[PDB]
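A.B. asks: What follows is a protein structure lacking sequence information:
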Ligand SMILES: COc1cc(-c2cn(C)c(=O)c3cnccc23)c(OC)cc1CN(C)C
């Protein structure tokens with residue numbers, strides 16, 4: 001498995017815009033709570049899950065635990081950087097798994113909530 005994604009941005013200002021505050025305290029908070037969040041809260045272990053070619057098809061692994069850490073410890077420069085990671089997480093799932101998979105049905109319910117909160121992004 002690839003090393004876990006970087007979650008610290010050491011030489012960077014400790015300033016969170018209100019949109020990034022929204023991404024943590026509304027978007028992430030609500031998604032993290034969701035019933036189907038648990039398959040997405042940690043990096044995919046392609047070995048233990050026996051996912052052939054997962055890291056061949058998936059060039060940018062991403063997960064909600066990484067996003068949570070990055071939001072919590074000031075990694076993102078701006079909101080769109082964070083929104084892109086959420087999208088990457090959902091994209092990875094949709095391009096690797098099949099439309100009938102439980103994991104895809106769960107991702108779609110999770111993404112519905114994501115999109116709803118993003119539709120209400122302030123400013
Ligand atoms: C963390 O453990 C799990 C991960 C996943 C999981 C997540 N993502 C994002 C995937 O793409 C994915 C792709 N294929 C197979 C599995 C997963 C999971 O699928 C419902 C179940 C568990 C529970 N386990 C005790 C088997």
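C.D. replies: Cool, got the structure. Numbers count the residues shown, from 1 in each chain.

A.B. asks: What parts of this protein come near the ligand?
C.D. replies: 39, 40, 44, 49, 51, 93, 96, 97, 102, 103 (Cβ under 6 Å from any ligand atom). To be clear about C-beta, it is placed using only N, CA and C from the backbone, and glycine gets the same treatment.

A.B. asks: Of the residues you listed, grab the buried ones for ChimeraX.
C.D. replies: Buried members of the residues of the chain next to the ligand, defined by 16 or more other Cβ atoms under 10 Å, are picked up in ChimeraX with:
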select :39,40,44,51,93,96,97,103
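
A.B. asks: Restricted to helices, list the residues of the chain next to the ligand.
C.D. replies: Counting by DSSP state H, the residues of the chain next to the ligand place 93, 96, 102, 103 in helices.

A.B. asks: These: which two are farthest apart?
C.D. replies: 96 and 102 (13.6 Å; Cβ to Cβ).

A.B. asks: mind checking how far stretch 58-72 is from the chain centre?
C.D. replies: Mean-position distance between stretch 58-72 and its chain equals 5 Å (Cα atoms, centre = their mean, to the nearest Å).

A.B. asks: Now do the buried residues in it.
C.D. replies: 58, 61, 62, 63, 64, 65, 66, 67, 68, 69, 70, 71.

A.B. asks: Name the nearest residue to the residue in the chain that the ligand sits nearest to, ignoring sequence neighbours.
C.D. replies: Taking Cβ to the nearest ligand atom, the ligand has its nearest neighbour within the chain at residue 39, 3.5 Å off. For residue 39, ignoring the flanking residues on the chain, the nearest one in space by Cβ to Cβ, 6 or more residues apart in numbering is residue 103 at 6.0 Å.

A.B. asks: who touches the one you found in this structure?
C.D. replies: By Cβ atoms under 8 Å, 6 or more residues apart in numbering, the residues touching residue 103 are 39, 93, 97.
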